[PDB]
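Engineer: I need the structure of the sequence given here:
(6 chains, ligands or ions: 1)
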Amino acid sequence: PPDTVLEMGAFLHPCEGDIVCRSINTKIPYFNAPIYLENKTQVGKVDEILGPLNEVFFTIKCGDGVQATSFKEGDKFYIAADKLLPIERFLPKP
Amino acid sequence: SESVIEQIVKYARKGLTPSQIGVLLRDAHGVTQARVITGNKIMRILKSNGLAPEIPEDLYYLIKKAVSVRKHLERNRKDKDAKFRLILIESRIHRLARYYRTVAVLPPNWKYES
Amino acid sequence: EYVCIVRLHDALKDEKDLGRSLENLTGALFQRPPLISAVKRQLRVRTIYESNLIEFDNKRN
Amino acid sequence: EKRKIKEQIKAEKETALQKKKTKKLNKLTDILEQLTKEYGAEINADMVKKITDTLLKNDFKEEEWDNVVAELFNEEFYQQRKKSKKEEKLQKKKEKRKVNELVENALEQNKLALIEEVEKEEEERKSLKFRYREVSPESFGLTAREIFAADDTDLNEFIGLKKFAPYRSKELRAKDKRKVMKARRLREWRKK
Amino acid sequence: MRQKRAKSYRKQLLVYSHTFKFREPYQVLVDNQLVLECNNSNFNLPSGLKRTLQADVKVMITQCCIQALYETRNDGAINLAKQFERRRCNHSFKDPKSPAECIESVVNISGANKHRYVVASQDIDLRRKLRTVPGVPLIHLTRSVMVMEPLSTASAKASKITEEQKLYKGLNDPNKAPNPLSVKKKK
RNA sequence: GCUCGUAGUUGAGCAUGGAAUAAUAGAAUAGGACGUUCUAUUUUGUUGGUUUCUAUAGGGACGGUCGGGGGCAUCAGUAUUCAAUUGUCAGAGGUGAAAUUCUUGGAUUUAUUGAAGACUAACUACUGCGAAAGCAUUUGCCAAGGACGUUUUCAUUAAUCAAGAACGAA
Ligand SMILES: [Zn+2]
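Structural biologist: Numbering: from 1, shown residues only, chains lettered A, B, ... in the order given. Sure, structure below:
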């Protein structure tokens, strides 16, 4: 596991076995980027990035033994620093 | 800086240990370094003013611990661990008292009372 | 412009929330092309200028 | 929970001490401005220190405010272009700021006295002992400034704390003080 | 012996027993400075080792350290050395090594403590470059008090890695180029 | 058994794969034009991009932590044994197989209630805490602590310790 992980998302609700998170990070995650806790333990990987620019959500593909119903609202999910890329890339260039 | 000396005198009269006086003067005057004011220098200043502690600070804290443990054991007679730590604390008191009598910091007649 | 039918996998507790969700998806959006599309699947920003919920049947979902 | 309660108590004590210090500062600068207006010139810092000591001696109130006003009229008081005008006003404001800094330094000298006053106020709102002994005073040829300037190791090299033990006999203490009080050894330590 | 230092020593010995499989009786090598200091200060070295380790002790010496002991020509130190049982080192008799280098050749094999030795030496930089070797307990006599050195960083790292492999082993073991018609040179 | 401790001693994503052909680039053998170079056969590969993001010991103090550590109240739960009411009917228990026992006066099994002396399932532990003995239901009170960091009136303060003492065992 990486030494430095940054808080990425906050729990919103489960959806079809996946975890929906409102992004509490300014940057956009890499596809299939692993999702951690404060204990540096992986709960899953980023499955889908969705939502408007002001309010970004992402759904996590839960791993083996990780259940979406086990988590409660207000739980924070963490991502590695190198797995974030700036939002200016997806916007069209001037 | 005779004012510094007069707070040393007053704060010794009102019953503070030299380390407490040191931390108080370092907090109050905004002293940059702990090297400037220490307990040692406060001892030298107090001796220059004709003041000296009756018993040492660490032995005073051991006696304070022993008093707290005996009060707890008086209000709780079933605690054997309290008795064990009381014996340990009094053994430390006896060792420091013997040493401080030997280096004449404590008086020769000094007996710890249980 | 599109007229689209969405099928929900379960019945909503609140009906109006669906419309609210549609109002959340109006604007600049993060989308990835589906697997069926021949376009390469990289994350892009696509603008939905205006949307309107015509009808919703919560029993028919 | 205990840590949170301790932090709240510390914050309350800090803001109470801040309020007390600001009240004393504004009262002192007001009476100092009145005394400067009556005197017509700058006031010495010794008079301000004496006024601060007098206000520390008696608990401050309206009666103590009248007493401070009487002390400002006491025998101690009797014993004692346009751009240029703007610059002179700025210099007067700087002198007032220096006087306020002197009052702040005087309150810093009584900062633990202010803490004791705040503790008394907290006890009023709510409503062993380390003992020293007198001994023979010997400065050992060192004043307080040179004690503060010297290192702890250098002072211990000069003389140890166990040498002037409180209950050491007078003969051994006199023998140690005679050897320490040599001018050659003191000069060597000062050069060191 | 106080209970706090004994407890700390017991925790360190538990670390050495779990990771590096140290077993009672502990095999302790002594150095010649320690023999001289125990001779002059009249310290009972096997009793001190039995007190510090809280277990049975087996004391050894090499050729080079005891050879330097004859070079010091101290009869009491030679006698004190020769009560301890003998463990030979493969070094030349005519040109013996330094006691530090000899005791490292005995202890440090390929960067690890293969023979599970405990080193009781007074020399200091020997103790530093034995702290570089993981799983080597260090003991020394200072001011007539025998003190076991604290656990080194290498030993703690080895213990952490050992627990990590405990989590996944044992019973937990699962068991290209563009088309030529696309890029064409001029006629 | 553990600890303290005296005498003494020591130190102080866009339809896959194969065959043939074409094209392209390289490497070999052999040859022309004037060592340079190109020109015939073998062999080795390869078959354009973007869909707008575009292409040293022993003590003390302070700080933030931490623990199935101790004691006293308090709140639950779990399983046994006994007793009392139903329902049912010929076995139950145990063993290698039996046997001592309980049993139409109803044993065993099921349901409910009461009493007693106890323990805190999984998690969970040879590495957590405690000097040992030992220590995990909930909520309060009391005092004590370990490790880490900053340091100390800091060594005639320490280490070995017969006697003796506290706890435990008995
Ligand atoms: Zn050798």
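
Engineer: all helices of chain E, in order?
Structural biologist: Per DSSP state H, chain E carries helices over the ranges E:3-20, E:32-40, E:45-53, E:63-72, E:75-83, E:99-107, E:125-131, E:153-168.

Engineer: and what of chain C?
Structural biologist: Using DSSP H, the helices of chain C run over C:16-24.

Engineer: So residue B:70 sits against residue B:87, correct?
Structural biologist: No. Taking contacts as Cβ atoms under 8 Å, residue B:70 lies outside contact range of residue B:87: 11.6 Å. C-beta coordinates here come from the backbone N, C-alpha and C atoms, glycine included.

Engineer: So between those two, which is more surrounded?
Structural biologist: Per other Cβ atoms under 10 Å in any protein chain shown, whichever of residue B:70 and residue B:87 has more neighbours is residue B:70, with 15 against 11.

Engineer: residues touching the more buried one, list them.
Structural biologist: Counting by Cβ atoms under 8 Å, 6 or more residues apart in numbering or on different chains, residue B:70 touches residue B:86.

Engineer: May I have the strand or helix carrying it as PDB, with CA atoms only?
Structural biologist: Counting by DSSP states H and E, the element that carries residue B:70 is helix B:57-75. C-alpha atoms of helix B:57-75 as PDB (Å, rounded to 0.1, in the frame of the first residue of the first chain):
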ATOM      1  CA  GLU B  57      11.300  18.400  44.900                       C
ATOM      2  CA  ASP B  58      11.300  14.800  43.800                       C
ATOM      3  CA  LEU B  59      11.000  13.500  47.400                       C
ATOM      4  CA  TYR B  60       8.100  15.900  47.900                       C
ATOM      5  CA  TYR B  61       6.400  14.400  44.800                       C
ATOM      6  CA  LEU B  62       7.000  10.900  46.100                       C
ATOM      7  CA  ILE B  63       5.500  11.900  49.500                       C
ATOM      8  CA  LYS B  64       2.500  13.400  47.500                       C
ATOM      9  CA  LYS B  65       2.100  10.100  45.700                       C
ATOM     10  CA  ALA B  66       2.300   8.200  49.000                       C
ATOM     11  CA  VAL B  67      -0.400  10.400  50.600                       C
ATOM     12  CA  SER B  68      -2.700   9.900  47.600                       C
ATOM     13  CA  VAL B  69      -2.200   6.100  47.700                       C
ATOM     14  CA  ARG B  70      -2.800   6.000  51.400                       C
ATOM     15  CA  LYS B  71      -6.000   8.000  51.100                       C
ATOM     16  CA  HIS B  72      -7.300   5.700  48.400                       C
ATOM     17  CA  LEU B  73      -6.300   2.600  50.400                       C
ATOM     18  CA  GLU B  74      -8.100   4.100  53.400                       C
ATOM     19  CA  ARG B  75     -11.300   4.500  51.400                       C
END
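
Engineer: Tell me the spacing between the residue in chain D that the ion sits nearest to and residue D:160.
Structural biologist: Per Cβ to the ion, residue D:153 is where chain D lies closest to the ion, at 43.2 Å. Distance of residue D:153 to residue D:160, computed by Cβ to Cβ, to the nearest Å: 11 Å.

Engineer: what about those two, which has more around it?
Structural biologist: residue D:160 (12 against 9).

Engineer: show me what contacts that one?
Structural biologist: Applying Cβ under 8 Å, 6+ apart to residue D:160 gives no contacts.

Engineer: and the gap between it and residue B:43?
Structural biologist: 11 Å.

Engineer: hey, where'd the helices end up in chain B?
Structural biologist: According to DSSP H, the helices that chain B contains are B:2-13, B:18-29, B:39-48, B:57-75, B:80-102.

Engineer: Tell me who's in contact with the residue most central in space within chain D.
Structural biologist: Centroid-nearest residue in chain D: residue D:109, 2.4 Å away (criterion: Cα atoms, centre = their mean). Residues near residue D:109 by Cβ under 8 Å, 6+ apart: B:3, B:7, D:52.
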